[PDB]
Each structure stands twice: as C-alpha cells, then as structure tokens.
Amino acid sequence: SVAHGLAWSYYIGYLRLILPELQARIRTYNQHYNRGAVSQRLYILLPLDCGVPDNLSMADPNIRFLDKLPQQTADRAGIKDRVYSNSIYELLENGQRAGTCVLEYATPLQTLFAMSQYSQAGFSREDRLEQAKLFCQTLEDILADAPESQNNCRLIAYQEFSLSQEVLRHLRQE
Amino acid sequence: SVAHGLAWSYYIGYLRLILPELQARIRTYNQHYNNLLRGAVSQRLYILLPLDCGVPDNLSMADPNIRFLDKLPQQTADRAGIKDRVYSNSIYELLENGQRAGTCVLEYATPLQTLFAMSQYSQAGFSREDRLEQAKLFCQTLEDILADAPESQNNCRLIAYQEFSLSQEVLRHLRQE
Ligand SMILES: COc1cc2cc(C(=O)CCC(=O)O)sc2cc1OCCCOc1cc2sc(C(=O)CCC(=O)O)cc2cc1OC
C-alpha cells in the first residue's frame with residue numbers, strides 16, 4: 001500500500017540515518033550553544049489531516065523558534081556531505097516557557113495530501129485519513145523493532161485546537 | 001502500491017522543491033566557483049536508477065571513472081518546521097580513456113534503497129523477488145509525473161539501468177544535449 005511504503009521509506013531513508021546521532025547533537029547544543037536544556041528525542045508531528053505547514057509559529061504562536069541544532073553531515077547516495085538540519089522550539093503556556101524540544105512534521109504525510117489533490121495519482125481524498133493512520137501505525141510498528149531509533153523520537157499523531165498543548169502533553173511524560 | 005507512492009513522494013517531497021532552483025545554482029557555480037580553466041558543469045540533475053536497487057554512498061567506488069569534483073552551492077528553505085533545511089548536491093567528472101568527457105550533478109534516487117531494505121525485512125511484507133518489478137514501476141511512475149511538470153522534467157534526466165560501466169551509462173545520456 002501507499003502509506004506502508006511511505007513509512008518504511010521515512011524510516012530507512014531518514015530516521016535510521018539521523019536518530020542514532022541525535023542524542024550527541026542535543027548534548028553538544030546543551031553544553032556549548034545553549035534557559036533550561038533542550039529535551040532529548042525528535043518530536044515528530046503527525047497531523048492525520050496531512051496538513052504540513054512550513055512555519056510552526058504560524059500553526060501555533062505558542063511554538064516559537066529558538067535555534068537550529070548543530071548540523072549532521074554524511075555521504076549519502078552520491079551526495080557528499082548530505083546535510084541533516086533540525087530545529088529547536090520553545091513551547092509556551094500562559095506566557096511562560098513550558099518546554100524546549102527538536103520538532104518537525106513527517107513530510108511524507110504531505111505526499112498523501114498532494115496525491116489526494118492530483119488526478120494522475122489515482123488517490124482519493126476519501127482514502128486519505130485511513131492512509132495517514134496507516135502511515136503512523138506502520139512507523140510505530142517499525143520503531144518497536146529499532147530501539148536505537150524508538151528511544152530517540154516521539155510520535156505526535158493528532159486530529160483537529162492547541163498544537164503546543166499536544167506537544168507538551170507528550171513532553172511531560174519524560 | 002509501494003513504488004507508486006515512493007515515486008510520488010520522491011517528486012512531492014524532493015524533486016519539486018530542488019529542480020526549479022537547480023539551474024541558478026549550476027549557473028552560479030560555473031560563474032564563481034568552477035575552476036576558471038574547466039568546462040561548464042552541465043545543466044540538469046542526473047538521477048541514477050539502478051533496477052537492482054543497490055544504492056552505494058560513494059560513486060567513485062561504483063566506478064573509478066566517476067570522480068568527485070565539488071559540491072554545488074547549497075540550497076536552503078524552511079521545510080515542515082525545519083528552518084533552513086539544507087539541500088546539498090555533488091558535481092562529478094566522467095572520465096573516458098583517462099580524459100574528462102563530462103561534468104554533471106549526479107546522485108541515486110534514495111527511495112530505491114527502501115525497496116532493497118523492504119525486500120530484506122520480514123515485517124515489510126515485501127517478497128525478495130518483487131524488487132525488480134517495483135524498481136521498474138518506481139522509474140515508470142517518476143517518468144509519468146515528470147511528463148506533467150515541465151519546470152522539473154527539463155531540470156533532470158532519469159538514468160535507469162540493469163547490470164558494466166556506470167560512467168558510460170551517464171555519458172550516453174549526457175551526450176544528447
Ligand atoms: C528516501 O526516502 C525518504 C527520504 C527522506 C528524507 C527526508 C528528510 O530529509 C526530512 C525533511 C524533508 O523531507 O525535507 S524525509 C524522507 C522520507 C523518505 O521516504 C518517503 C518516500 C520517498 O519520498 C521522499 C524522498 C526523498 S529523497 C530526499 C532527499 O533529501 C534526497 C537525499 C536523501 O534521501 O537523503 C528527500 C525526500 C523526501 C521524501 O518524502 C517526503
């Protein structure tokens with residue numbers, strides 16, 4: 001299926017390559033570039049409506065860009081020093097900073113959105129929500145077999161609303 | 001299907017975002033960063049599509065006649081909460097009988113490695129023998145998408161092959177423009 005392949009590719013082609021190196025990048029930030037410490041783990045936003053905006057402070061003013069984590073580079077598929085950039089956000093609650101974390105959307109969910117827009121994709125809008133849930137479920141299943149990746153990320157699946165409160169609820173468990 | 005979604009995602013999530021900005025990056029390289037005495041880096045991203053789904057990280061390892069020259073200047077863009085998400089691409093010299101025969105931006109379509117990995121992992125529910133058919137479907141879907149996106153189709157070339165000289169495969173495509 002479409003979402004089954006997308007989740008396997010998101011893991012093989014991305015998470016598997018950044019998650020084993022993430023702890024060291026956060027530790028390095030907290031020691032030399034950082035206010036309280038940035039939390040560990042990549043917080044992955046999984047909007048089931050497949051709406052992936054480019055700016056997070058636009059989705060919620062209580063999510064404020066703080067800094068970029070130091071870049072990871074690696075030779076990848078003929079791309080010498082392929083760069084992996086990730087962003088740190090402050091999470092506000094009633095004007096106070098309530099958490100700090102590395103946050104981003106799972107970009108393959110935007111593929112489901114675009115395929116439901118384009119006739120040639122042969123993918124209906126009526127099948128999109130089921131595919132979004134299957135993408136999240138497959139990703140959860142893969143991570144359950146990859147400890148080095150599972151402990152370095154948190155999956156934030158939601159249907160619409162306060163995005164910062166959704167992230168904070170997950171953050172307040174570690 | 002798996003390869004149908006992978007090709008749509010490779011386009012939506014990557015090619016659609018880099019191909020409209022590629023010509024300017026190559027022009028900028030040729031004008032300010034290219035060794036003054038060398039010929040211009042060719043236009044277009046040359047995308048390697050090995051139907052065996054073998055995606056090595058080092059190209060000079062796959063063929064010594066493919067030699068790393070330089071990185072193209074980076075493209076940055078705010079993407080899905082990643083402020084200044086970086087797109088890096090590499091320039092290669094293609095040698096023929098010890099001489100330079102071509103210079104181009106070259107890389108493998110990384111979703112083909114997903115097909116390889118899925119054919120290995122039992123939880124992926126992807127049989128080992130399904131690889132080739134899925135790799136061909138990935139290439140055919142990518143060709144179909146690009147045929148509807150002129151701003152992308154003119155900025156890339158698809159190099160699909162079954163094994164051998166990888167440099168000769170690239171040169172054959174290069175020698176048409
Ligand atoms: C190779 O497969 C995948 C690679 C991949 C890379 C990703 C990211 O860098 C996350 C941020 C972003 O999407 O820009 S998210 C991501 C997800 C992947 O699998 C989903 C299905 C295929 O769709 C995409 C293909 C690519 S290739 C690419 C590159 O930067 C080329 C170099 C490389 O693979 O490291 C980005 C994508 C994104 C895809 O879907 C969103």
# chains A, B, ... in the order shown; residues from 1 in each chain; ligands from 1
$ residues_near_ligand --ligand "ligand 1" --cutoff "7 Å" --atoms "only C-alpha atoms and all ligand atoms" --output "list in words"
residues 6, 7, 9, 10, 12, 13, 14, 76, 82, 84, 106, 107, 108 and 111 of chain A; 6, 7, 9, 10, 12, 13, 14, 79, 85, 87, 109, 110, 111 and 114 of chain B
$ interface_residues --of "chain A" --to "chain B" --cutoff "9 Å" --atoms "only C-alpha atoms" --output "ChimeraX atom specification"
/A:1-6,8-13,52-57,65,67-68,75-88,103-108,110-112,114-115,120-121,141-142
$ residues_around --residues "range 151-161 of chain A" --least-positions-apart "3" --cutoff "9 Å" --atoms "only C-alpha atoms" --output "ChimeraX atom specification"
/A:15,19-20,22-23,40-49,133,136,139-140,143,146-148,165-167,170-171
$ write_last_selection --atoms "N, CA, C and O atoms" --output "short mmCIF file (atom, residue, chain, number, x, y, z; two decimals), in the first residue's frame"
data_model
loop_
_atom_site.label_atom_id
_atom_site.label_comp_id
_atom_site.auth_asym_id
_atom_site.auth_seq_id
_atom_site.Cartn_x
_atom_site.Cartn_y
_atom_site.Cartn_z
N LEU A 15 14.90 8.48 9.28
CA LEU A 15 15.02 8.28 10.72
C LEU A 15 16.21 7.40 11.14
O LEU A 15 16.93 7.77 12.07
N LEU A 19 18.52 9.44 13.77
CA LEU A 19 18.21 9.14 15.18
C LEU A 19 19.41 8.58 15.97
O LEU A 19 19.59 9.08 17.09
N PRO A 20 20.30 7.69 15.43
CA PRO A 20 21.46 7.25 16.23
C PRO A 20 22.48 8.35 16.55
O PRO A 20 23.27 8.18 17.47
N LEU A 22 21.40 11.76 17.00
CA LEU A 22 20.65 12.87 17.59
C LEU A 22 21.03 13.21 19.05
O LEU A 22 21.20 14.38 19.34
N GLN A 23 21.15 12.20 19.93
CA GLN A 23 21.48 12.42 21.35
C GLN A 23 22.73 13.26 21.51
O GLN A 23 22.72 14.21 22.29
N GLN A 40 15.68 15.65 25.04
CA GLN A 40 16.19 14.65 24.13
C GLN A 40 15.01 14.26 23.22
O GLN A 40 13.86 14.60 23.52
N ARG A 41 15.29 13.54 22.13
CA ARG A 41 14.31 12.98 21.20
C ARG A 41 13.77 13.94 20.17
O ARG A 41 13.49 15.11 20.45
N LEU A 42 13.60 13.42 18.95
CA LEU A 42 12.99 14.18 17.88
C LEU A 42 11.48 14.05 18.06
O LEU A 42 10.96 12.94 18.12
N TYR A 43 10.78 15.16 18.13
CA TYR A 43 9.32 15.15 18.28
C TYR A 43 8.76 15.29 16.87
O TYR A 43 9.01 16.29 16.20
N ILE A 44 8.12 14.23 16.39
CA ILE A 44 7.60 14.12 15.02
C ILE A 44 6.10 14.39 14.99
O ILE A 44 5.31 13.61 15.52
N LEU A 45 5.72 15.48 14.33
CA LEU A 45 4.32 15.84 14.20
C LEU A 45 3.68 15.05 13.08
O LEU A 45 4.18 14.99 11.95
N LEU A 46 2.53 14.43 13.42
CA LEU A 46 1.79 13.54 12.53
C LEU A 46 0.33 13.97 12.43
O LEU A 46 -0.57 13.30 12.97
N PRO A 47 0.08 15.14 11.78
CA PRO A 47 -1.31 15.58 11.60
C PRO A 47 -2.03 14.60 10.66
O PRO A 47 -1.64 14.41 9.50
N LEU A 48 -3.10 13.98 11.17
CA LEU A 48 -3.86 13.00 10.37
C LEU A 48 -4.59 13.63 9.19
O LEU A 48 -4.92 12.91 8.24
N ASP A 49 -4.77 14.98 9.20
CA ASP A 49 -5.37 15.70 8.07
C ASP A 49 -4.33 15.94 6.96
O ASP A 49 -4.65 16.49 5.92
N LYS A 133 -3.47 7.30 9.02
CA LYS A 133 -3.42 6.45 10.22
C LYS A 133 -2.51 5.26 10.01
O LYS A 133 -1.78 4.89 10.92
N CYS A 136 1.15 6.29 10.32
CA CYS A 136 1.53 6.40 11.74
C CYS A 136 1.69 5.02 12.39
O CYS A 136 2.65 4.81 13.13
N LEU A 139 4.84 3.25 11.08
CA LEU A 139 6.00 3.88 11.69
C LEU A 139 6.19 3.40 13.16
O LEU A 139 7.30 3.03 13.55
N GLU A 140 5.10 3.33 13.92
CA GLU A 140 5.12 2.82 15.30
C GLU A 140 5.60 1.37 15.33
O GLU A 140 6.44 1.04 16.17
N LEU A 143 9.52 1.23 14.49
CA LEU A 143 10.26 1.73 15.65
C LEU A 143 10.28 0.77 16.82
O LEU A 143 11.30 0.70 17.51
N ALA A 146 13.32 -1.20 16.39
CA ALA A 146 14.55 -0.40 16.26
C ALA A 146 14.78 0.42 17.57
O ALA A 146 14.39 1.59 17.61
N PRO A 147 15.33 -0.19 18.67
CA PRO A 147 15.44 0.54 19.96
C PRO A 147 16.23 1.86 19.92
O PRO A 147 15.80 2.85 20.51
N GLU A 148 17.35 1.86 19.17
CA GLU A 148 18.25 2.99 18.90
C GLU A 148 17.50 4.15 18.20
O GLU A 148 17.98 5.29 18.21
N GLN A 165 -0.08 22.47 23.20
CA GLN A 165 -0.61 21.62 24.28
C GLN A 165 -0.49 20.14 23.94
O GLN A 165 -0.22 19.32 24.83
N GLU A 166 -0.63 19.80 22.65
CA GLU A 166 -0.47 18.43 22.15
C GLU A 166 0.99 17.98 22.38
O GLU A 166 1.22 16.90 22.92
N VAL A 167 1.96 18.84 21.98
CA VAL A 167 3.38 18.53 22.16
C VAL A 167 3.72 18.45 23.66
O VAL A 167 4.37 17.49 24.09
N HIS A 170 2.91 15.20 25.49
CA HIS A 170 3.91 14.17 25.21
C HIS A 170 5.20 14.44 25.97
O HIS A 170 5.76 13.52 26.56
N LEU A 171 5.68 15.70 25.96
CA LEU A 171 6.91 16.13 26.63
C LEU A 171 6.87 15.90 28.15
O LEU A 171 7.88 15.50 28.74
#
$ select_by_dssp --residues "range 8-157 of chain B" --states "strand (DSSP E or B)" --output "PyMOL selection string"
chain B and resi 45-50+66-71+75-79+82-87+90-96+99-108+156-157
$ select_by_dssp --residues "range 18-152 of chain A" --states "helix (DSSP H, G or I)" --output "PyMOL selection string"
chain A and resi 18-33+56-59+108-117+119-121+125-143+147-150
$ residues_around --residues "residue 89 in chain A" --least-positions-apart "3" --cutoff "6 Å" --atoms "only C-alpha atoms" --output "list in words"
residues 64, 65, 66, 100 and 101 of chain A
$ atom_distance --atom1 "CA of residue 66 in chain B" --atom2 "CA of residue 104 in chain B"
10.2 Å
$ atom_distance --atom1 "CA of residue 128 in chain B" --atom2 "CA of residue 16 in chain A"
21.1 Å
$ residues_around --residues "residue 154 in chain B" --least-positions-apart "2" --cutoff "10 Å" --atoms "only C-alpha atoms" --output "ChimeraX atom specification"
/B:19-20,23,43-45,146-147,149-152,156-157
$ atom_distance --atom1 "CA of residue 113 in chain A" --atom2 "CA of residue 46 in chain B"
27.5 Å
